[PDB]
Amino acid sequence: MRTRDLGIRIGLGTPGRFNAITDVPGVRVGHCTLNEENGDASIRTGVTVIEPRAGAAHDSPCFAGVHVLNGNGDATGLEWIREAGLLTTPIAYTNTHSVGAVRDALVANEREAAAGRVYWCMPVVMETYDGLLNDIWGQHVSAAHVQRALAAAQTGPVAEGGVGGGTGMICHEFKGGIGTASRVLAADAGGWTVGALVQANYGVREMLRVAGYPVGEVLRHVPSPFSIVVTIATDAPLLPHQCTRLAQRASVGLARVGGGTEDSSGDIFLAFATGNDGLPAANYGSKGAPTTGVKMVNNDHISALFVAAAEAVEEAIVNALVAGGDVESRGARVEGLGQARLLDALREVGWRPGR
């Protein structure tokens, strides 16, 4: 079923229980998937939400940071993450032309709980472009779809491939979409968990590499129909500047699968940490204590977090491909990579299970 279940092991680290971003305790994920056949008005899109906390994000801010490998994409809520490193909302993935509707729907969702608290809601919404398989000009994603994803957001196993925001996506000229993975550090390394959730929509066929092996080079013959957003989570107590460091390691994971070299690819990365809690919620005009006690991972412990994030992102992307299935829409056809076809290509270029 998933990459690791095929005996394909990415990197050297050990996954958490679900091998998903939800292995970071409290983190929840929900999809809303739109699939409707209607000629050039066919809908192949949706929205994915990440809740950073067990409860409302506004009440328990997370330290966070962003890194942009290639900004050919759109996002909301990132400027305050750059400035103050505080994630105070859910995170959502959708298509390029639906970002605003999704963002303002997330704002409306906090209206009722705003008990006269003075603040301006700034949700984080990121995107990739499903213009080939989806009627992206049709702007078919609505607040109701955001509410369905929010209601479905839960811990445990996370559906992958052509679901939620990844529904109409294409990766390495195969079916793309949602992928997730995690790594758990050893006790002597802090015992922290690092998880990643990607929406993979990038890359040319020949460049595909799986566990390092040049599998793309022997997969050129397969028919082709012819951006990637990454969230990294960890329960390590990382400060804002450390979340920035962690986010950039998404470049490392993406590069190892064969990405990061396209002008057209919106490669935008976010990392948040749950280790520090009890951070002050924004409520302007209402002042608390001058300082807050927080914890910081010492820099001689942060490399094991970099390694883990890089692995989690790499496997998350390959998981997206493995979960991908055939899609025909609006006159375009994309094939799922195929579990057996991947195993065959791996063997052809010298990979073997348990070497």
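Numbering starts at 1 and runs along the sequence shown.
Going from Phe226 to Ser227, you skip over 10 or more residues of the deposited sequence that the entry leaves unmodelled. Across the two stretches, 63 to 71 and 31 to 39, the PDB entry reports the greater mean Cα temperature factor for 31 to 39.
Taking only CA atoms, the mean B-factor in the PDB entry is higher for 180 to 188 than for the other of 84 to 92 and 180 to 188.
Of the candidates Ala152, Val194, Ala273, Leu246, the deposited coordinates give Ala152 the top C-alpha B factor.
Remark: of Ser98, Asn283, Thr234, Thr76, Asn283 shows the highest value [criterion: C-alpha B-factor in the PDB entry]. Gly293 sits in the lowest third of its chain by CA B factor, as recorded in the PDB entry. In the deposited entry, the Cα temperature factor of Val102 sits in the middle third of values across the chain's modelled residues. Per the PDB record, residue ranking by Cα B-factor puts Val327 in the highest third of the chain. Among the modelled residues of its chain, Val210 has a C-alpha B-factor that falls in the middle third, as given in the PDB entry. Per the deposited record, the Cα B-factor of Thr45 falls in the highest third when ranked against the other modelled residues of its chain.
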